[PDB]
Amino acid sequence: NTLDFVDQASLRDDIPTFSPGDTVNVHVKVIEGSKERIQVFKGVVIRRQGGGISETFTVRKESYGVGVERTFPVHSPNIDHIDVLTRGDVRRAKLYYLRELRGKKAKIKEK
Amino acid sequence: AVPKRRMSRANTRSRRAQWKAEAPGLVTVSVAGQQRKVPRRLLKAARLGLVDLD
Amino acid sequence: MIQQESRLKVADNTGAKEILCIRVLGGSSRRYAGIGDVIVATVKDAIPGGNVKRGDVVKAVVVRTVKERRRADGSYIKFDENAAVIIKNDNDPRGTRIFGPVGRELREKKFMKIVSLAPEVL
Amino acid sequence: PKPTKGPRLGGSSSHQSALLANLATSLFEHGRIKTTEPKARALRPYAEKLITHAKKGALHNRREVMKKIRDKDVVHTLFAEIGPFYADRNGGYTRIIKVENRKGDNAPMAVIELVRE
Amino acid sequence: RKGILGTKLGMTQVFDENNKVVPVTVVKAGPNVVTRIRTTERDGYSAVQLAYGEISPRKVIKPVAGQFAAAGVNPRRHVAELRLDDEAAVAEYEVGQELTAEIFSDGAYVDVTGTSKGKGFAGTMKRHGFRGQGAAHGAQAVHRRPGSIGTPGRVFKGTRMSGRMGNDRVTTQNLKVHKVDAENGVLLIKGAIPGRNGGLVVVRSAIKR
RNA sequence: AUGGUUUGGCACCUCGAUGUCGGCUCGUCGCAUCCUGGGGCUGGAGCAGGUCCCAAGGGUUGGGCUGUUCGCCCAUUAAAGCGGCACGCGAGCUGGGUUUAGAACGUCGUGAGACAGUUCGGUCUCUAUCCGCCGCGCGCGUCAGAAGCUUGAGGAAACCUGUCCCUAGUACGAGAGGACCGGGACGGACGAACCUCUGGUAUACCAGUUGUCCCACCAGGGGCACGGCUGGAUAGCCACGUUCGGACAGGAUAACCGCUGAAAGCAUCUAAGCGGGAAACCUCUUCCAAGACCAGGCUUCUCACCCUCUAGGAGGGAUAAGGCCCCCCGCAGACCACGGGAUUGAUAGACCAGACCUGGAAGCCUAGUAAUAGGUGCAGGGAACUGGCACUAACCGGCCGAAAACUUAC
């Protein structure tokens with residue numbers, strides 16, 4: 001993977017092990033009129049598209065009656081820390097079917 | 001569309017001269033002793049006795 | 001991506017339930033309206049006792065889009081519906097209450113009142 | 001292996017699959033077959049990977065081969081001598097020899113055979 | 001105007017100090033050796049010729065080997081010329097001098113020149129962005145053809161019709177160099193530079209910025 | 001007075017056939033300029049206009065109604081220009097209107113029938129010879145044969161614009177209002193390159209599953225049903241994605257503002273002269289370009305061997321540098337061409353490993369009456385991407401391919 005020597009310099013360690021299906025809360029730093037605060041996004045990891053540095057994962061949450069999906073680069077410095085709450089039991093690598101399920105049907109088994 | 005006019009002999013011959021065949025190149029090979037010409041594409045097969053030589 | 005003849009739910013309490021996009025303001029022959037864009041819209045569905053009426057030509061701002069929208073830091077935000085909030089010429093909501101989350105793009109577009117009124121800004 | 005860049009061999013993908021499986025069956029049954037040069041060119045990697053499955057001969061590999069070969073005598077030979085014969089050779093189980101063009105349609109012919117050195 | 005010959009490696013992702021993402025194309029600005037000086041008194045124009053790439057000495061034909069020997073350097077695969085403006089500018093190069101990646105600095109604006117990818121025989125829809133005709137409402141076998149060609153009954157020259165597309169030298173202007181890695185002789189150029197991976201490119205200081 | 005863009009008039013042109021309106025697709029030209037650019041007087045305080053000169057570089061929206069052009073309207077916009085070219089464009093498309101045969105209404109006619117009145121329905125043929133144009137080769141030429149790198153005469157492409165922030169709430173103005181000049185950021189539309197991201201596609205990828213047949217049977221699989229149907233899906237191609245672009249600067253100018261002054265003792269931007277002055281022009285940016293017959297330049301390599309006629313020239317043969325064919329291929333490609341490799345080899349395939357996609361293989365064991373679940377086990381399977389590896393194929397090989405001299409000057 002020829003570009004690996006370039007890649008490893010910016011690669012970020014301390015990243016927890018997690019898979020599609022787990023429920024995580026992502027600590028995302030934001031800018032609100034030129035000051036810092038951490039906004040926590042708690043939801044279900046529905047996908048993870050491996051790319052090394054370009055690895056991305058998607059967290060889906062239900063908030064005030066509307067579903068929201070957020071995609072973050074795995075090694076983004078804009079994420080100060082990821083914490084995994086529970087481990088989910090799923091049979092797929094990408095949980096796109098959850099976009100059509102609400103409440104009782106949208107629950108995930110626990111490992 | 002249909003040809004509006006009959007081609008003259010010069011134009012017909014000039015275009016017709018491009019429809020031709022090229023001569024394949026031949027290399028020498030020794031099969032059963034006697035030398036004979038074979039295309040270089042078939043050299044290994046001739047050395048293995050896989051092409052009929054009349 | 002919202003364009004002409006597209007329908008949006010209303011995230012306000014103005015009595016309008018659903019609007020149809022007429023124009024995307026912001027330059028001639030502009031095509032799509034993302035989060036934070038102002039559109040000219042007509043009310044298709046309304047609450048029977050509300051202040052607005054069907055067929056009113058109003059100005060609205062898009063606060064949610066189904067198509068994911070890239071951000072500066074390489075992250076993406078995607079919602080489950082296209083929603084708009086009816087505004088007046090001074091960029092303030094005509095309603096008094098905003099429903100559902102909104103995007104961060106309303107900050108750089110100077111929709112401070114909508115941002116403050118929203119339940120949560122993503 | 002690498003799928004064909006151009007149009008398929010038999011005139012459709014399913015026909016090409018059947019063609020390749022039959023050609024591999026005949027190749028393992030006889031040891032050498034004569035066919036058009038594109039057919040041998042497409043046949044090489046396919047037969048080579050079937051032989052690779054046969055080399056590490058387990059039940060799992062046997063079933064992997066059977067889901068393509070469909071002929072049980074050929075599978076038995078492949079897992080009884082062809083596999084063990086190539087035990088200590090790493091790739092290049094087949095060779096292609098170009099032969100004289102066909103008469104009916106001037107199709108380039110080629111002969112594909114297993115190495116026995 | 002500085003310049004160097006390089007090779008396109010691929011594109012990747014980096015983050016600057018404001019945490020924004022920068023899509024960067026990696027260019028192997030490998031070592032170049034100056035082979036010839038073009039002077040106004042001799043050639044009529046001032047330019048410098050650079051050699052790049054590594055090639056086996058048994059692959060170069062005799063004329064090329066003779067030229068490299070006359071220069072005094074071992075042969076390289078690729079040769080190209082950099083056109084300067086005046087003798088005062090070309091006085092700073094001399095034959096056998098080696099140019100490496102650090103002639104550029106971080107944040108500099110560069111001009112990358114390469115050969116575009118080949119697209120083959122392309123229709124007007126793809127070659128020229130022609131809008132098509134209707135796919136229904138009675139349109140008969142005209143879903144992609146140009147249409148009209150438009151007194152003298154003559155198709156004027158320059159007709160934007162179908163033909164071969166791609167494979168042309170292309171210059172992209174005002175690209176920013178995000179980082180100059182001196183250890184590997186690699187330039188990290190923000191943006192997309194022409195050509196396929198492994199192709200030859202020329203990196204020059206921007207003429208505009 | 002212009003024009004033949006409007007109805008005309010003539011009947012010169014065609015009845016052994018010149019498609020009739022709009023619309024779509026694609027243009028090209030004019031300037032009588034809609035925006036952007038430079039101006040001037042203002043019945044111009046500033047803002048904003050009015051009107052007028054220069055200016056054709058680019059741009060000039062999406063819908064409702066109607067077959068429509070036209071037109072009215074709805075939202076915008078910097079603006080929603082006017083025209084020529086068979087009122088451009090049917091061997092490019094449409095057939096809604098008009099313009100055959102069917103039928104009805106109103107009106108006319110005793111009637112057959114009729115109506116530059118209405119209404120519903122109603123076959124749009126063709127394998128491109130030549131010119132033209134877009135691309136691609138073969139031959140020959142450029143005074144020996146070749147090979148690298150190039151100059152460029154000459155052409156082609158591109159040229160759009162808004163909002164906001166500082167200057168400045170100042171100049172002006174009773175106030176309201178509202179600046180010039182100059183810097184910065186973010187946009188819309190258009191164009192190009194690219195595939196890191198997002199998203200699309202995926203007919204030799206992985207998994208689930210219905211009906212049926214087969215592999216003797218169970219298990220495990222396979223063929224067919226749009227790839228049977230579904231869930232995903234790396235590479236390539238792509239846009240809905242990413243990145244970049246329109247410049248800056250110089251020269252000569254238009255309208256115009258001027259300087260220095262004659263004829264014409266003053267005056268006069270003028271007849272001598274000299275300056276400023278625009279998106280137009282020439283350069284500048286990008287690309288093609290020596291078939292540029294004035295067929296260019298800088299270099300580097302080979303730089304020699306026969307035979308025949310008759311020794312004048314020619315013809316033939318064999319070679320060098322080099323090239324081509326055959327061969328292995330390519331993200332190069334209709335073919336051809338182009339590019340790379342050819343055993344002194346990593347060019348392709350295989351093999352090993354990784355990356356990635358899928359998602360927990362088979363067998364066995366355990367639990368359950370069974371459906372089924374757990375362990376062995378980030379398992380098994382696998383294409384394109386990357387690195388190793390001569391195991392297989394690039395082969396004991398053919399064809400092309402190098403010099404009359406003379407004149408003058410030095």
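Residues numbered from 1 in each chain as written, not as in the entry; some residues may be left out. Chains lettered and ligands numbered in written order. Part of a larger assembly, values for the part shown. Heavy atoms only, no water.

- Going by the header, the method for this PDB entry is cryo-EM, and the resolution given is 3.5 Å.

**What about the side chain of C:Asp12?**
Residues and elements named next belong to chain C.
Then comes step 1: Structurally, the position occupied by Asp12 is in the loop between strand 1 (7–10) and strand 2 (16–24).
Then comes step 2: For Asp12, which is buried and forms no salt bridge, the nearest opposite charge comes from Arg94, at a distance of 7.4 Å.
Then comes step 3: In contact with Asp12, other than residues within four places in its own chain, are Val85, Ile86, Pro93, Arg94, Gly95, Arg97, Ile98 and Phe99. (Helix = DSSP H or I, 4+ residues; strand = E, 2+ residues; numbered from the N terminus. Buried < 20%, exposed > 50% of the residue type's maximum accessible area, 1.4 Å probe, protein only. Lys, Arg positive; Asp, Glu negative; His and termini not counted. Salt bridge = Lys/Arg side-chain N within 4 Å of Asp/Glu carboxyl O. Contact = heavy atoms within 4.5 Å.)

**Some remarks on the pattern of salt bridges**
Then comes step 1: Evaluated as defined, the whole model comprises 27 salt bridges over all chains.
Then comes step 2: Across the pair D:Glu64 and D:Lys67 runs a salt bridge, and its minimum N-O distance is 3.8 Å. Within this pair, D:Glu64 and its partner D:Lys67 are both found in helix 3 (residues 59–69), separated by 3 residues, close to a single helical turn.
Then comes step 3: By relative accessible area, D:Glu64 is classed as partly exposed at 25%.
Then comes step 4: Take D:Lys67: its relative accessible area is 60%, and that puts it in the exposed class.
Then comes step 5: The partner of E:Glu81 in a salt bridge is E:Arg38, with the nearest N and O atoms 3.1 Å apart. Of this pair, E:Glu81 sits in strand 5 (residues 78–83) while E:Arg38 is found in strand 3 (residues 32–38), placing the two residues 43 residues apart along the sequence.
Then comes step 6: The buried category is assigned to E:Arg38, whose relative accessible area is 18%.

**A few points about a negative patch on the surface**
Then comes step 1: Together, E:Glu41, E:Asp85, E:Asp86 and E:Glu87 give the surface a local cluster of negative charge.
Then comes step 2: With respect to the secondary-structure elements, E:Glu87 resides in helix 3 (residues 87–90). (Patch = residues over 30% accessible without salt bridge, like charges linked within 9 Å, V, L, I, M, F, W, Y side chains within 5 Å. Areas by Shrake-Rupley, 256 points an atom, 1.4 Å probe, with all protein chains shown as cover. Charge placed at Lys NZ, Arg CZ, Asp CG, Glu CD.)

**Some thoughts on the protein's contact with RNA strand F**
Then comes step 1: Around RNA strand F, a shell composed of 140 residues is seen, among which D:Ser13, D:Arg41, D:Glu48, E:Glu81 and E:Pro146 lie nearest.
Then comes step 2: For RNA strand F, the fraction of atoms within 4 Å of the protein that belong to sugar or phosphate moieties is 76%.
Then comes step 3: Within the contact set of RNA strand F, a sugar or linking oxygen lies 3.1 Å away from a backbone nitrogen or oxygen of E:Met11.
Then comes step 4: The element best represented in the surface near RNA strand F is helix 2 (residues 37–55) of chain D, accounting for 7 residues.
Then comes step 5: Its residues assigned to classes, the surface near RNA strand F shows 38 nonpolar, 48 polar and 54 charged. (Near = heavy atom within 4 Å. Polar contact = N/O pair within 3.5 Å; in protein donor to acceptor, adjacent residues only side chain to side chain. Nonpolar A, V, L, I, M, F, W, Y, C, P; charged D, E, K, R; others polar.)

**Let's talk about the packing of aromatic side chains**
Then comes step 1: Inspection of the entire model under this criterion finds 5 aromatic pairs over all chains.
Then comes step 2: Ring geometry for A:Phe41 against A:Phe72: centres 6.4 Å apart, planes inclined by 70°, an arrangement best described as edge-to-face. Of the two residues, A:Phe41 is situated in strand 2 (residues 36–49) and A:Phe72 in strand 4 (residues 66–73); the sequence distance between them amounts to 31 residues.
Then comes step 3: An angle of 50° between the planes, with centres 5.2 Å apart, marks the rings of D:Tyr86 and D:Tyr93 as tilted. Across the pair, exposure class does not vary: D:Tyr86 and D:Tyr93 are buried alike.
Then comes step 4: Taken together, the ring pairs connect A:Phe18, A:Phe41, A:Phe57 and A:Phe72 into an aromatic cluster. (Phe/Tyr/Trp six-rings, centres within 6.5 Å; stacked < 30°, edge-to-face > 60°.)

**A short note on the arrangement of the chains**
Then comes step 1: With 4 pairs of chains in contact overall, the greatest share of contacts is found between chains A and C.
Then comes step 2: Nothing in chain A touches chain B; the tightest C-alpha to C-alpha distance between them is still 39 Å.
Then comes step 3: What separates chain B from chain E at the closest point of their C-alpha atoms is a distance of 17 Å, and the two make no contact.

**Focus: the nonpolar core**
Then comes step 1: Among the nonpolar cores identified, the biggest contains 29 residues, and D:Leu27, D:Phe28, D:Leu43, D:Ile51 and D:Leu78 are the most heavily contacted of them.
Then comes step 2: Elements that contribute at least two residues to this core include exactly helix 1 (13–30), helix 2, helix 3, helix 4 (72–85) and strand 3 (109–114) of chain D.
Then comes step 3: Contact partners of D:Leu78, with chain neighbours within four places excluded, come to D:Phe28, D:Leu50, D:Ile51, D:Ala54, D:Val65 and D:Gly83.
Then comes step 4: In this structure, A:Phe18, A:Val74, A:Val84 and C:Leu122 belong to the second largest nonpolar core, which totals 19 residues. (Core = buried A, V, L, I, M, F, W, Y, C linked by side-chain atoms within 4.5 Å.)

**What about the environment of C:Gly50?**
Then comes step 1: Turning to its location among the elements, C:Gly50 is positioned in the loop between strand 3 (38–46) and strand 4 (57–64).
Then comes step 2: Along the chain, C:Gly50 and C:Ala16 lie 34 residues apart, while their C-alpha atoms are 7.4 Å from each other.

**Here's the deal with the interface of chain C and chain A**
Then comes step 1: In this assembly, 18 residues from chain C lie in contact with 21 residues from chain A.
Then comes step 2: Here chain C and chain A share an interface that buries about 1,500 Å² over both sides, 46% of which is from carbon and sulfur atoms.
Then comes step 3: The largest share of the area that chain C buries against chain A comes from C:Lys78, C:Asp80 and C:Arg104, three residues that together contribute 33% of it.
Then comes step 4: In this structure, the connection of chain C to chain A is made through 3 salt bridges.
Then comes step 5: Close ionic contact of A:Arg60 with C:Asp80 constitutes a salt bridge, the shortest N to O distance being 3.0 Å.
Then comes step 6: Counting across the chain C and chain A interface gives 7 residue pairs in polar contact.
Then comes step 7: Among the elements that take part in the side of chain C that touches chain A, strand 6 (residues 76–79) of chain C stands out by supplying 4 residues, more than any other.
Then comes step 8: As judged from the 4 bridges shared by strand 4 of chain A and strand 6 of chain C, these two strands associate in the antiparallel manner. Counted as the bridge partner of A:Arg70 is C:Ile77 from strand 6 of chain C. (Buried area = accessible area lost by both parts, 1.4 Å probe. Pairing = 2+ DSSP bridges.)

**Topic: a nonpolar patch on the surface**
Then comes step 1: Taken together, E:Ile149, E:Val155 and E:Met161 make up a surface patch of nonpolar side chains, about 250 Å² in accessible area.
Then comes step 2: Relative to the elements of secondary structure, E:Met161 occurs in the loop between helix 4 (124–127) and strand 9 (163–166).

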